[PDB]
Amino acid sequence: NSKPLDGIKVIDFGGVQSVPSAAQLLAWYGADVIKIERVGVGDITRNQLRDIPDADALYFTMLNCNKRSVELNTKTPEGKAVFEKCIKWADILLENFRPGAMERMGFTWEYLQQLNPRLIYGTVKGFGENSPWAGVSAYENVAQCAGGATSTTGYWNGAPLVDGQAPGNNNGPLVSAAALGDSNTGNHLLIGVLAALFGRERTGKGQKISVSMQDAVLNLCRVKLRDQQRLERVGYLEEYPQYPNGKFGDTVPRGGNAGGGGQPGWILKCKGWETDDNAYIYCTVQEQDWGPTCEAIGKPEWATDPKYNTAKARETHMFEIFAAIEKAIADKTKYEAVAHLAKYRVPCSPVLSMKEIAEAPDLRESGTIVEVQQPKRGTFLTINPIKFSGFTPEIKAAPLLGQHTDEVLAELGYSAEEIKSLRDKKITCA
């Protein structure tokens, strides 16, 4: 029924993924969200990798549902004055433009507070204010490289040798498909903004939330910072693939598809792997019930072999064990492999392609993947991750550029003459 953010007013003053994704979530939870975009072209996502020539790209519609679009050139004195009225209207202002942009536009945090002492200002940059990289261009992959994720993702070089490795020392840092830099930073920003919004109820005061992309990536790599400290003290990482047949250095190495503390595991080929990039499962060799594991893979002999039957003894032979499992499932599809290993309660799970995910009926039924009616496009799918017992979001079309400009100006108190004037002066259009 009633939505938690009903009557909360938000300005989405950003682009791409971090800020818009957070603002989209706010709208879905009830917020009145207006997106102020540059004239003529709007948010960069509108025009990036279109699949339908005359329509807004999917990048944009999947990040900007339930918003109203305001076209506005804040780099003009008239535009700035309109923006200042918007700022007074809003509870929340979110921005992620390049370092110094807001400042050159006339909007220091000090000034923003002057305009609206209730304002909760959320700002995202690639790096913290004091970083030696503050001048680096902050793309998704730059944040992943800066925050420890690429360093610690992918394969190691050398022993133990495994099929997925590149030859020699060509196993380098690897980018993650997940938006550690973008959407993830948005999540962190939303945490800060909502904490601030709650605190504002008692104090009546706004404040500034700052999240850097590097820091948000690092937060998701908290366990890698854990491992770094273990490594420095202990000299090795016992659960890593390199122990005991490889070599550790002074920094956390890449670990392939390793399971981690107390739950050793790996991603294994299934029938069809040579032509199907997703004919794979994940399988754990658990530190209990080794007996059933042995039977599942046809190694009943291992249940008693002193070289296997203790959690801490199969610690050293895992890759032989993984190979035995793949041999046991080499004739099975991933779904057949899972069903076979489940017979014995060997914990495992399929690797699911985006096609299988997109088509999954259980994800439609739960409201996690939602089909949305979009003009000039038809329908498209979006993701709604967090479920509330009290209400369900009503997800609606993403706005055309400037579709609501005059409606919002009117809502702000501008007469019909000033509105035509602003559009005449090319403040609200190109």
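Numbers follow the displayed sequence, beginning with 1.
- Higher mean CA B-factor, judged across 312-320 and 243-251 from the recorded values: 312-320.
- The stretch with the higher mean CA B factor, choosing between 75-83 and 170-178, is 75-83.
- When the C-alpha B-factors of 160, 164, 106, 292 are read from the PDB record, the largest value belongs to 106.
- Based on the entry's C-alpha B-factors, the most elevated value among 11, 19, 25, 409 belongs to 409.
- Among all modelled residues in its chain, residue 230 ranks in the lowest third by Cα B-factor.
- When the modelled residues of the chain are ordered by C-alpha B-factor, residue 301 sits in the highest third.
- Annotation for residue 66: CA B-factor lies in the middle third of the chain's modelled residues.
- Per the deposited record, the Cα B-factor of residue 155 falls in the lowest third when ranked against the other modelled residues of its chain.
- Residue-level temperature factors show residue 116 in the middle third of its chain, judged at the C-alpha atom.
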